[PDB]
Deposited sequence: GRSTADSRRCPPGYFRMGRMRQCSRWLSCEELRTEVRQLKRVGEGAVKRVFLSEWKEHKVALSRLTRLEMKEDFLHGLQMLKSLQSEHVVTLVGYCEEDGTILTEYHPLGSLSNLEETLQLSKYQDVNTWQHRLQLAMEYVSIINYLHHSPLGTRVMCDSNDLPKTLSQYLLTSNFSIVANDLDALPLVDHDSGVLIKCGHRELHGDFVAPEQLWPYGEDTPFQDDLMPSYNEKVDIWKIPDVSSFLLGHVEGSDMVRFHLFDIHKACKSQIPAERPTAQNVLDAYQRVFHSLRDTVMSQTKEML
């Protein structure tokens, strides 16, 4: 669809984005389905279509809410959830509903849908995830980083499983730009652990207390760092999974280089995933 238009369901053609009056008069809210530091999300209906209605939680998270909306408007593509309508005044966003929901439900979903509970389909799932990262790193709005991914469940929370079994990014609230000398930080609070990239950890030791003003900024390689965790989750433990992990060890090891500049690009990881896929 051209910029500003959407298509879903049995729509053969593209319709303009809905506005405040259409959301106020034509959408019937059905039941809560998610939440949400920024949005409260409701399964809803609009004509024959199930849609998601995301409502701003607190007029204080407002700034994060419009960022995701602006990201959503400019980043429409096969990799992002379809934007249907929005209303800034009401702090609402309308998008295509995906009844399989969060990527977290993958294992639950794959038991009906076991024509696709194979290693081949899971690895293709993993290739779609990397394709999104590659798209975000080369987006209409420049290189964008999927900042809100400090642990596996939270990272998966941000993507949806479509009924065809593609993946799309959904939550784009935290999407800083990397560029000029423009680097980024994922929040203002100290990050800990091994899921975040090591350059996201405080670098100055226990004898220097954390000060965000001293925390050095970083770039889109923090997304590369997290690829093997998402890929491994998607492969799961069905026949062939460990065979695929074996062939992915080294590309995944390059994804965990302590030195960010040594990690591959998303395009490199995708390329290697494809070669491994067709070889097996």
item	value
Stretches with no C-alpha position, numbering per deposited sequence from 1	1 to 9, 121 to 122, 191 to 192, 294 to 305
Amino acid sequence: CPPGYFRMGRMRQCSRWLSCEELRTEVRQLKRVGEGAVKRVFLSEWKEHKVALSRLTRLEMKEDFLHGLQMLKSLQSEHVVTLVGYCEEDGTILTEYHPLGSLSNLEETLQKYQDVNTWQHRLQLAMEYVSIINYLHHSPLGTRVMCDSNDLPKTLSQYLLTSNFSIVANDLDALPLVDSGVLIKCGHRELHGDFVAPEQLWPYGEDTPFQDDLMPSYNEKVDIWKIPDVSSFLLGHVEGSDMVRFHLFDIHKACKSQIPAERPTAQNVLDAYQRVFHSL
From here on, numbers count along this sequence of modelled residues.
{"item": "Higher-scoring stretch by recorded Cα B factor average, 114 to 122 or 137 to 145", "value": "114 to 122"}
{"item": "125 to 133 or 67 to 75, whichever carries the higher mean Cα B-factor", "value": "67 to 75"}
{"item": "Of the residues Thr109, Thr162, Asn150, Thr95, the one carrying the largest Cα B-factor as recorded", "value": "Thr109"}
{"item": "Largest Cα B-factor, entry values, listed residues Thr82, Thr208, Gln200, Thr155", "value": "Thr208"}
{"item": "Ranked against its chain, the third holding the CA B-factor of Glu239", "value": "highest"}
{"item": "Third of chain Cα B-factors occupied by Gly91", "value": "highest"}
{"item": "Record-listed C-alpha B factor of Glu220: chain third", "value": "middle"}
{"item": "For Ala174, the third of its chain into which the C-alpha B factor falls", "value": "lowest"}
{"item": "Third of the chain's Cα B-factor distribution that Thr265 belongs to, per the entry", "value": "lowest"}
